[PDB]
């Protein structure tokens, strides 16, 4: 369910927009808003492509425990705007197309290394 949590946090297949509002919305939509996940990147494109980050197919092992996708993934990094951890969770969306560091557990994305989307 971390995969689910991952999808929920980091997967937005076909994001419409990927602007702030998208972040704010997807962040809300994803329960990522209490508190506002200070930064929450939603990988777009096929789930499979992200899923694949977990295989040394679309995944390079990365840092410790992490996998950095080989493929780049249209990824919208909702950076919480405002210090406030709390709703309204205003998000700078940062539509970023860049492989995604994830932490694949059992071939399942279980983690998006958000660090890579802090700037």
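Residue numbers count along the first chain shown, from 1.
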| said: Can you tell me whether 106-114 has a higher mean C-alpha B factor than 93-101 in this record, or the other way round? | reply: 106-114
| note | Once average C-alpha B-factors are taken from the entry for 34-42 and 59-67, the winner is 59-67
| said: Is residue 10 in the lowest, middle or highest third of its chain when residues are ranked by C-alpha B-factor? | reply: lowest
| In terms of the CA temperature factor given in the entry, to which third of its chain does residue 80 belong: lowest, middle or highest? | middle
